[PDB]
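Notes for the one structure printed next.
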Amino acid sequence: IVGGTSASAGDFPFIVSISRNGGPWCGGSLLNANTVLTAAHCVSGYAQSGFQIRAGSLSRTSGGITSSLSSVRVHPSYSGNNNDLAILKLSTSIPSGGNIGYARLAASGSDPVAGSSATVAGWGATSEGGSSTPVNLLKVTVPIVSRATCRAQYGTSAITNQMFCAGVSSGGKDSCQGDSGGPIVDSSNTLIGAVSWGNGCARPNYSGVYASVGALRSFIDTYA
């Protein structure tokens, strides 16, 4: 996260860190005791056993409850950056309570409205190409950018009906590498997306692009 502040305990009861090979990698969202939602690109085709989920902590490396993976399922229409969601099943069930809870999802068919506030969180870099990453979870609030404006930035084909965008024209506030798969929420803390892709991080006039939960509820609902 670029331009962020430290998340407080319980800000995102459902957020998980996804370590890979013992190191930082991605974020995700705990949907129920045995299921995490993340970005497909975080997991597709990689060795499953390299991943470890942690819930209930502001750190990636201690606190809360861990699990390995039992299975990975990417969206059936995943292609390039499009439809960038995956369902992970956990080898260890994670109970709600305390600072752990399960995500509530954006309604099917919903689409975040330009100008509304959104908050994104993760353990990723604090600058584009940064090598260091924070111990504790960061968050940042950015407005939704209309799909039309986002298509002006990236091209028409590049931004689909299963993506939405968020950021500020001046840049300086965004998700970045290592934040992929983690949550973006609306102002009510309802999960509206997963961190997906963008041109660099926090660049002027290049929004962050998010996989849209509202557009992808059939997949999520079927397999969660």
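Starting from 1 in every chain, residues are counted up; chains themselves are A, B, ... following the order of the structure tokens, and ligands are numbered from 1 as listed.
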
Inset, instruction - Identify all residues of chain A in strand (DSSP E) (DSSP on the backbone) and supply them as a VMD selection string. - result: chain A and resid 5 to 6 15 to 20 23 to 32 35 to 38 51 to 55 65 to 67 69 to 74 86 to 90 117 to 122 138 to 145 163 to 166 183 to 186 191 to 197 208 to 212

Would you output that residue set with C-alpha atoms, as a short mmCIF file (atom, residue, chain, number, x, y, z; two decimals), in the first residue's frame?
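Produced file selection-v2.cif, reproduced below:
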```
data_model
loop_
_atom_site.label_atom_id
_atom_site.label_comp_id
_atom_site.auth_asym_id
_atom_site.auth_seq_id
_atom_site.Cartn_x
_atom_site.Cartn_y
_atom_site.Cartn_z
CA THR A 5 -1.76 4.19 7.45
CA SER A 6 -1.69 1.33 9.87
CA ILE A 15 -8.34 -10.28 5.96
CA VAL A 16 -5.71 -12.96 5.51
CA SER A 17 -2.10 -12.77 4.52
CA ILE A 18 -0.98 -15.27 1.90
CA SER A 19 2.70 -16.15 2.31
CA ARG A 20 4.47 -18.10 -0.43
CA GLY A 23 7.84 -14.85 2.28
CA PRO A 24 5.35 -12.06 1.50
CA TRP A 25 3.21 -12.72 -1.55
CA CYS A 26 -0.48 -11.72 -1.54
CA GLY A 27 -3.56 -11.00 0.56
CA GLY A 28 -7.01 -12.54 0.63
CA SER A 29 -10.40 -12.53 2.33
CA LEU A 30 -11.80 -15.26 4.62
CA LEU A 31 -15.28 -16.10 3.32
CA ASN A 32 -16.11 -18.88 5.81
CA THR A 35 -12.48 -20.69 2.27
CA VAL A 36 -10.38 -17.76 1.13
CA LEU A 37 -11.02 -15.47 -1.82
CA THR A 38 -7.91 -14.07 -3.53
CA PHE A 51 1.17 -21.08 0.34
CA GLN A 52 0.30 -20.39 3.97
CA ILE A 53 -2.73 -18.38 5.01
CA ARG A 54 -2.86 -16.45 8.29
CA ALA A 55 -6.05 -14.92 9.70
CA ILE A 65 -4.48 -18.79 13.04
CA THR A 66 -2.74 -20.37 10.05
CA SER A 67 -3.69 -22.85 7.39
CA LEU A 69 -4.26 -25.11 1.26
CA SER A 70 -6.35 -28.11 0.30
CA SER A 71 -7.30 -26.85 -3.19
CA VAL A 72 -7.25 -23.89 -5.57
CA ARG A 73 -9.97 -23.03 -8.11
CA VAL A 74 -9.58 -20.06 -10.47
CA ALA A 86 -9.72 -17.68 -7.10
CA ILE A 87 -11.32 -19.72 -4.33
CA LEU A 88 -8.91 -21.43 -1.96
CA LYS A 89 -10.00 -24.23 0.36
CA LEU A 90 -8.18 -24.46 3.65
CA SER A 117 -15.07 5.91 -1.07
CA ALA A 118 -13.23 2.66 -0.98
CA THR A 119 -10.55 1.32 1.38
CA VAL A 120 -7.88 -1.18 0.35
CA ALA A 121 -5.46 -3.00 2.64
CA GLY A 122 -2.39 -5.18 2.48
CA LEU A 138 -1.57 -0.89 5.96
CA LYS A 139 -4.74 0.59 4.50
CA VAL A 140 -5.58 3.53 2.25
CA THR A 141 -8.82 5.17 1.14
CA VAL A 142 -9.30 6.16 -2.49
CA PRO A 143 -12.35 7.11 -4.58
CA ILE A 144 -13.83 4.85 -7.23
CA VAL A 145 -12.90 5.96 -10.75
CA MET A 163 -13.12 -4.98 -13.15
CA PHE A 164 -13.54 -1.63 -11.42
CA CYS A 165 -11.03 1.11 -10.75
CA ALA A 166 -10.04 3.35 -7.83
CA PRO A 183 -9.55 -6.72 0.01
CA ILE A 184 -10.99 -3.47 -1.18
CA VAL A 185 -14.13 -2.54 0.76
CA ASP A 186 -16.80 0.11 0.45
CA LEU A 191 -16.06 -6.51 0.32
CA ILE A 192 -16.28 -5.01 -3.16
CA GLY A 193 -13.13 -6.36 -4.80
CA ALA A 194 -9.71 -7.95 -4.72
CA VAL A 195 -6.51 -6.11 -5.62
CA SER A 196 -5.67 -7.13 -9.19
CA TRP A 197 -3.41 -4.99 -11.42
CA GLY A 208 -5.66 0.70 -9.47
CA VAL A 209 -7.73 -2.03 -11.12
CA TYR A 210 -9.71 -4.46 -8.97
CA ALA A 211 -11.52 -7.71 -9.62
CA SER A 212 -15.18 -6.92 -8.95
#
```

Report as CSV the residues of region 137-170 of chain A within 12 Å of region 75-81 of chain A, each with its shortest atom pair and distance in Å (one decimal), using only C-alpha atoms, ordered by chain and increasing residue number.
```
residue,atom,partner,partner_atom,distance
A:157,CA,A:81,CA,11.0
A:158,CA,A:81,CA,8.3
A:159,CA,A:81,CA,9.0
A:160,CA,A:81,CA,9.4
A:162,CA,A:81,CA,10.0
A:163,CA,A:81,CA,9.1
```

Inset, instruction - Might you pull out every residue within 9 Å of residue 124 (chain A), with only C-alpha atoms counted and same-chain residues fewer than 4 positions away left off, and present them as a VMD selection string? - result: chain A and resid 1 to 2 24 to 27 130 132 to 134 137 to 138 175 to 180

Go ahead and write the residues just picked, N, CA, C and O atoms, as a PDB file, in the first residue's frame.
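Output (part-v2.pdb):
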```
ATOM      1  N   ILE A   1       0.871  -1.211   0.000  1.00  0.00           N
ATOM      2  CA  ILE A   1       0.000   0.000   0.000  1.00  0.00           C
ATOM      3  C   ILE A   1       0.888   1.234   0.000  1.00  0.00           C
ATOM      4  O   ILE A   1       1.793   1.359   0.829  1.00  0.00           O
ATOM      5  N   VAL A   2       0.604   2.139  -0.937  1.00  0.00           N
ATOM      6  CA  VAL A   2       1.274   3.446  -1.042  1.00  0.00           C
ATOM      7  C   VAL A   2       0.360   4.495  -0.468  1.00  0.00           C
ATOM      8  O   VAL A   2      -0.832   4.559  -0.796  1.00  0.00           O
ATOM      9  N   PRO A  24       6.545 -12.825   1.882  1.00  0.00           N
ATOM     10  CA  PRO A  24       5.346 -12.058   1.503  1.00  0.00           C
ATOM     11  C   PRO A  24       4.972 -12.429   0.078  1.00  0.00           C
ATOM     12  O   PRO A  24       5.818 -12.720  -0.786  1.00  0.00           O
ATOM     13  N   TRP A  25       3.648 -12.383  -0.215  1.00  0.00           N
ATOM     14  CA  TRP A  25       3.208 -12.723  -1.553  1.00  0.00           C
ATOM     15  C   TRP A  25       1.913 -11.975  -1.899  1.00  0.00           C
ATOM     16  O   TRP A  25       1.878 -11.175  -2.826  1.00  0.00           O
ATOM     17  N   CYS A  26       0.818 -12.285  -1.189  1.00  0.00           N
ATOM     18  CA  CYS A  26      -0.480 -11.723  -1.538  1.00  0.00           C
ATOM     19  C   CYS A  26      -1.317 -11.574  -0.264  1.00  0.00           C
ATOM     20  O   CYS A  26      -0.880 -11.918   0.847  1.00  0.00           O
ATOM     21  N   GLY A  27      -2.527 -11.033  -0.459  1.00  0.00           N
ATOM     22  CA  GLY A  27      -3.559 -11.002   0.557  1.00  0.00           C
ATOM     23  C   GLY A  27      -4.772 -11.798   0.085  1.00  0.00           C
ATOM     24  O   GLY A  27      -4.813 -12.293  -1.047  1.00  0.00           O
ATOM     25  N   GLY A 130       9.411  -1.204  -4.523  1.00  0.00           N
ATOM     26  CA  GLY A 130      10.082  -1.260  -3.252  1.00  0.00           C
ATOM     27  C   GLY A 130      10.351  -2.733  -2.962  1.00  0.00           C
ATOM     28  O   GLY A 130       9.585  -3.657  -3.298  1.00  0.00           O
ATOM     29  N   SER A 132      11.318  -3.676   0.361  1.00  0.00           N
ATOM     30  CA  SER A 132      10.950  -3.855   1.751  1.00  0.00           C
ATOM     31  C   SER A 132       9.389  -3.802   1.819  1.00  0.00           C
ATOM     32  O   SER A 132       8.745  -3.200   0.989  1.00  0.00           O
ATOM     33  N   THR A 133       8.912  -4.468   2.815  1.00  0.00           N
ATOM     34  CA  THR A 133       7.481  -4.370   2.989  1.00  0.00           C
ATOM     35  C   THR A 133       7.156  -4.250   4.471  1.00  0.00           C
ATOM     36  O   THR A 133       7.939  -4.597   5.368  1.00  0.00           O
ATOM     37  N   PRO A 134       6.011  -3.726   4.844  1.00  0.00           N
ATOM     38  CA  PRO A 134       5.697  -3.475   6.272  1.00  0.00           C
ATOM     39  C   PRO A 134       5.414  -4.752   7.008  1.00  0.00           C
ATOM     40  O   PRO A 134       4.791  -5.698   6.456  1.00  0.00           O
ATOM     41  N   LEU A 137      -0.195  -4.556   8.777  1.00  0.00           N
ATOM     42  CA  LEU A 137      -1.113  -4.252   7.726  1.00  0.00           C
ATOM     43  C   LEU A 137      -1.302  -2.735   7.552  1.00  0.00           C
ATOM     44  O   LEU A 137      -1.565  -2.022   8.552  1.00  0.00           O
ATOM     45  N   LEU A 138      -1.255  -2.265   6.318  1.00  0.00           N
ATOM     46  CA  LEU A 138      -1.568  -0.893   5.963  1.00  0.00           C
ATOM     47  C   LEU A 138      -2.885  -0.831   5.204  1.00  0.00           C
ATOM     48  O   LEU A 138      -3.308  -1.821   4.581  1.00  0.00           O
ATOM     49  N   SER A 175      -2.897   0.525  -4.051  1.00  0.00           N
ATOM     50  CA  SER A 175      -2.351  -0.774  -3.771  1.00  0.00           C
ATOM     51  C   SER A 175      -1.134  -1.003  -4.694  1.00  0.00           C
ATOM     52  O   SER A 175      -0.947  -0.298  -5.660  1.00  0.00           O
ATOM     53  N   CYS A 176      -0.298  -1.962  -4.320  1.00  0.00           N
ATOM     54  CA  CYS A 176       0.951  -2.222  -5.036  1.00  0.00           C
ATOM     55  C   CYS A 176       1.304  -3.656  -5.020  1.00  0.00           C
ATOM     56  O   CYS A 176       0.500  -4.515  -4.545  1.00  0.00           O
ATOM     57  N   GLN A 177       2.409  -4.046  -5.544  1.00  0.00           N
ATOM     58  CA  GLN A 177       2.897  -5.421  -5.497  1.00  0.00           C
ATOM     59  C   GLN A 177       2.953  -5.921  -4.059  1.00  0.00           C
ATOM     60  O   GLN A 177       3.410  -5.266  -3.130  1.00  0.00           O
ATOM     61  N   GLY A 178       2.464  -7.102  -3.904  1.00  0.00           N
ATOM     62  CA  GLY A 178       2.303  -7.757  -2.634  1.00  0.00           C
ATOM     63  C   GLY A 178       0.937  -7.526  -2.022  1.00  0.00           C
ATOM     64  O   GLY A 178       0.558  -8.267  -1.086  1.00  0.00           O
ATOM     65  N   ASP A 179       0.147  -6.574  -2.527  1.00  0.00           N
ATOM     66  CA  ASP A 179      -1.216  -6.355  -2.069  1.00  0.00           C
ATOM     67  C   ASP A 179      -2.208  -7.190  -2.861  1.00  0.00           C
ATOM     68  O   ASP A 179      -3.387  -7.273  -2.477  1.00  0.00           O
ATOM     69  N   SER A 180      -1.795  -7.780  -3.987  1.00  0.00           N
ATOM     70  CA  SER A 180      -2.716  -8.511  -4.850  1.00  0.00           C
ATOM     71  C   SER A 180      -3.497  -9.527  -4.028  1.00  0.00           C
ATOM     72  O   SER A 180      -2.991 -10.195  -3.146  1.00  0.00           O
TER      73      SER A 180
END
```

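Between CA of residue 181 (chain A) and CA of residue 107 (chain A) there is a distance of 19.0 Å.
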
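Considering the residues A:40, A:202, A:215, A:94 and counting only C-alpha atoms, residue 110 (chain A) has its shortest atom-to-atom contact with A:215.
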
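The spacing separating CA of residue 84 (chain A) from CA of residue 100 (chain A) amounts to 24.8 Å.
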
Legend entry - Contact residues around residue 13 (chain A) with only C-alpha atoms at 8 Å, ignoring same-chain residues under 5 positions, as number ranges by chain: A: 56, 99-103
